[PDB]
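The chain below stands alone, shown as structure tokens; this is the form deposited in one PDB entry.
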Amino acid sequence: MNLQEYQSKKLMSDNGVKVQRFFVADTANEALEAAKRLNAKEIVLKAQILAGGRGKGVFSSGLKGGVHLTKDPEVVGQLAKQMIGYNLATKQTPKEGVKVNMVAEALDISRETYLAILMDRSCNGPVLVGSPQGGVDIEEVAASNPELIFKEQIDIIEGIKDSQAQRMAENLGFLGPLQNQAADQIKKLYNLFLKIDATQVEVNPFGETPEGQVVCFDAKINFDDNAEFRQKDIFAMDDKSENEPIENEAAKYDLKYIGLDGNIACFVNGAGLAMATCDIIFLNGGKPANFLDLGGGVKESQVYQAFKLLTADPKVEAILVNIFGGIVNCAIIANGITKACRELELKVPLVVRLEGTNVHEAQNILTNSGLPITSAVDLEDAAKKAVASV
């Protein structure tokens, strides 16, 4: 999962991590009056999108720049109007960008360092990923000079040792008294990183102010989806516009829905097997509109909503079913497909490939149903059939 900066920063505030004071605003006028409420010399305005590289980004409004600052509040609204509702595009967004929908006391920067905590397989647990030369150009600096990137593995049992926090702080260039304040902020970040079940906490820049303050100027937190049952309050904060409503309503019945731009709607019981079906469809000339994953669990209800959902948007002149390894006899879902197809009355072709327990008594269920349901034997067969529907 991913939360917006302003949400990640409030979490940082409640856990001893120091950040700029800010106010949120939905409209461009509230951003102007809220910038007036802040009462601060220089103020920084940021677009909130589940994506980085905002600084060097462009805008559908042509505003050019996802982050800016100025000492004139009236310029906040002047610059806020020009992005609230527009698509902010960065080198991390899919070209089209993300529809934008924070004003904080800007602080002066005298040194930028990159800091990130994360779970990494190669390091077999938590890692402190840092660089003294942070900022937007971190990845370039990371590529041109790898030795500028310092890694410190943390023992999940012992946790963050003072000797490790001090070394990282020193490698990031925090000299003198800053070395202790930074190291402490590193220890306070790591502790938060564990508290919230985050797979990543990225602070870029991990900043040093002229007044000797170590501040986190940006907060990108990735939360472990598998930990939602223990992070109720945090997963309650995921905004009600996650990608698209087509995706959320699917997840209501735990159905993983990935959208695309195509005409065939896939329906597979396995992420890997779903991506495979999309591949082989591509090989045969089709182009999938999306795919709806089932994982392992299966219930007559899900197949009902599954079909009701895939036929939602009008860009699906056919759907492909490929269930290879359902925990229940697909002879049972075969009757869940017919039931979920005749009562829903869908006007798009329907290709089914099933393979499992008693597939013989299951395949004839579709053939003798009188419904537009064509059967397939193998994965290659299922693809060519779905493609053949134009």
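From 1 onward, residues are counted along the sequence shown. The term rigid core refers to the most C-alpha atoms you can superpose between the two forms while keeping them within 1.5 Å.
Unmodelled residues of the deposited sequence between residue 110 and residue 111: none, the chain being continuous.
In this entry, 282-290 has the higher mean Cα B-factor, the comparison being between 161-169 and 282-290.
Taking the PDB entry as given, 26-34 carries the higher mean Cα B factor of the two stretches 319-327 and 26-34.
If you compare the C-alpha temperature factors of 274, 234, 127, 98 in the entry, 98 comes out highest. Per the deposited record, 81 carries the highest C-alpha B-factor of all listed residues (220, 195, 230, 81). In this PDB entry, the Cα temperature factor of residue 145 sits in the middle third of its chain's modelled residues.
When the modelled residues of the chain are ordered by C-alpha B-factor, residue 206 sits in the lowest third. The PDB entry assigns residue 85 a C-alpha temperature factor belonging to the highest third of its chain's modelled residues. In the PDB entry, residue 306 places in the highest third of its chain by CA B-factor. Remark: residue 259 belongs to the middle third of its chain, ranked by C-alpha B-factor as recorded.
The following text describes the form deposited in another entry, which does not appear among the structures shown.
Only one candidate in 83, 160, 255, 129 has its Cα displaced by 2 Å or more between the shown form and the other one after core superposition: 83. Here residue 118 does not count as shifted, since its C-alpha moves by less than 2 Å between the shown form and the other one after the core is aligned. If you fit the rigid core between the shown form and the other one, you'll see the Cα of residue 142 move by 2 angstroms or more.
Relative to the superposed rigid core, residue 92 undergoes a CA displacement of at least 2 Å between the shown form and the other one.
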